[PDB]
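The first residue of the sequence shown is numbered 1, and numbering continues consecutively from there.
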Amino acid sequence: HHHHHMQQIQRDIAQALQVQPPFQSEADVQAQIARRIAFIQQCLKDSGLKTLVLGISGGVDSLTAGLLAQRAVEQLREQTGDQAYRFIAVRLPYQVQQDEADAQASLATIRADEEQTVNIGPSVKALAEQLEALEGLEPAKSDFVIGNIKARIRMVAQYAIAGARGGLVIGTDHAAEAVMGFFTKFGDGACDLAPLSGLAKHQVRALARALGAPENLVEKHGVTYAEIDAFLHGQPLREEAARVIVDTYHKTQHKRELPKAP
């Protein structure tokens, strides 16, 4: 009884997230790259816009989305002859050594048409200073609230560049991130198009490898991504992990919906 219902729950979650079936062949992998590149191009055409904007953090998700974006605009320039098609990669520096090294290495992999650097530090600090509600907060809560300010001002910076340059903002959400609600609402969850949607984490890595990323970048709630992916694909995993994934999914549903309305 319990098993049958948990099975139905897993299947309904995978359908809601449009989970991509596991890749069975190279044909599958190449088809997904082609589809997502075509999706990116179709978003530009439908919007009548020419520019793509994406923060490059150094992580594999933005590396993969960045590679798809750069290939998409290269193809559009070739086919249309319109040199205004451009991908703008955005560096949003912080103070994690490995991240910044990974970010530079990521940029070197993408070879984006254009790179811009936005230090959000001054803006985050200047907002913080005006929020009396931050005064007296316990340190763990303060760091969390300030962390989400940072994530949201990174969104604001990308949208400002897109507005300046007539662009769409790319987000890096995929099914392994989405099922756990592992993003800031109206921060990195906020974009115009999410070309990695539905992918399991190992599928994101598979695309990055097929797109030419170096191996060190490809492999760069108490639950692992291997567990999350097994859950998404309906494969065996520890019952306790399935429980945490389902409970987390339910708690975070509001992050995957529009604002509530009566």
Side-chain angles (χ1 to χ4, degrees), residues 33 36-37 39-41 43-44 47 49-78 80-93 95 98-125 149-174 183-184 187-196 204-205 207-219:
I33 289 166
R36 293 166 185 269
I37 281 175
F39 160 80
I40 290 170
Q41 299 165 333
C43 290
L44 292 170
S47 289
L49 302 180
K50 311 282 176 67
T51 303
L52 295 171
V53 178
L54 172 61
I56 307 301
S57 64
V60 63
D61 302 344
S62 63
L63 174 57
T64 304
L67 289 164
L68 293 168
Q70 179 59 34
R71 297 290 87 79
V73 292
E74 286 171 0
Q75 282 181 18
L76 282 166
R77 291 194 294 268
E78 177 65 37
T80 71
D82 188 346
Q83 302 306 302
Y85 284 107
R86 299 290 188 88
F87 173 50
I88 306 178
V90 187
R91 237 182 96 235
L92 299 153
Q95 302 299 321
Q98 193 59 58
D99 287 353
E100 299 303 306
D102 286 356
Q104 285 293 316
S106 183
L107 289 161
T109 297
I110 298 167
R111 304 204 170 177
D113 294 326
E114 306 187 30
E115 301 180 11
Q116 306 184 358
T117 297
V118 184
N119 174 19
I120 65 164
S123 180
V124 166
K125 177 173 175 283
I149 292 173
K150 293 181 182 167
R152 296 188 172 106
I153 297 181
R154 286 190 290 270
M155 178 277 303
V156 178
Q158 289 168 82
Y159 266 91
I161 294 173
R165 288 287 298 274
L168 299 175
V169 173
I170 297 177
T172 61
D173 188 66
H174 48 78
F183 58 88
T184 300
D188 50 314
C191 61
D192 301 315
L193 64 154
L196 307 183
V204 175
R205 303 192 184 269
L207 268 64
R209 190 166 311 100
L211 290 163
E215 203 64 46
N216 66 295
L217 294 179
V218 175
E219 303 300 339

To the nearest 0.5 Å, what is the distance between CD1 on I149 and NZ on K125?
13.0 Å
With distance as the sole test, does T80 use its side chain to make a donor-acceptor pair with the main-chain N or O of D82 at under 3.5 Å?
yes
Go through the steps for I120 and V156 under the test side-chain contact (heavy atoms from CB on, under 4.5 Å), then give the verdict.
CA-CA 10 Å; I120 65 164; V156 178; over 6 Å; no
Over all atoms of both residues, closest heavy-atom pair of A213 and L67
CB-CD1, 4.3 Å
Nearest non-hydrogen partners of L44 and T51, listed with the distance:
CD2-O, 3.6 Å
Output all residues satisfying salt bridge (charged side-chain N to carboxylate O under 4.0 Å, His left out) with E114, sequence neighbours left out; order by chain, then residue number.
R86, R165
Shortest non-hydrogen contact between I37 and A72, atoms and distance
CG2-CA, 4.0 Å
Approximate separation, where rounding is to 0.5 Å, of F183 CZ and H174 NE2:
11.0 Å
Sub-4.5 Å side-chain heavy-atom contact between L196 and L68:
yes
CD1 on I161 to CD on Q116, rounded to 0.5 Å:
4.5 Å
Donor-acceptor pair, distance only, cut-off 3.5 Å: does the side chain of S106 make one with the backbone of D102?
no
Can you name the closest pair of heavy atoms from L54 and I170 and give their distance?
CD1-O, 3.3 Å
Which is it for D188 and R154 under the side-chain contact (heavy atoms from CB on, under 4.5 Å) test, yes or no, and what are the steps along the way?
CA-CA 8 Å; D188 50 314; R154 286 190 290 270; over 6 Å; no
Show, in sequence, the C-alpha distance, side-chain angles and deciding distance for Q41 and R71, and conclude whether the side-chain contact (heavy atoms from CB on, under 4.5 Å) test is met.
CA-CA 10 Å; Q41 299 165 333; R71 297 290 87 79; over 6 Å; no
side-chain hydrogen bond (donor to acceptor under 3.5 Å, both in side chains) filter on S62, not counting sequence neighbours, yields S57
Which distance, rounded to the nearest 0.5 Å, do you find between the CG of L193 and the SG of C43?
4.5 Å
Can you tell me which residue among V118, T117, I56 is in a side-chain contact (heavy atoms from CB on, under 4.5 Å) with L92?
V118
Please test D113 against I88 for side-chain contact (heavy atoms from CB on, under 4.5 Å), starting from the C-alpha separation and ending with a verdict.
CA-CA 6 Å; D113 294 326; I88 306 178; over 6 Å; no
How close do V169 and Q158 get, counting heavy atoms only, and between which atoms?
CG2-O, 3.9 Å
Enter the distance from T184:OG1 to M155:CE here, rounded to the nearest 0.5 Å.
10.5 Å
Could you check whether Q104 and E100, counting side-chain N and O atoms only, form a donor-acceptor pair closer than 3.5 Å?
no
Distance (rounded to the nearest 0.5 Å) between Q70 CD and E74 CD:
4.5 Å
Nearest heavy-atom contact between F87 and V53 is CE1-C, 4.4 Å
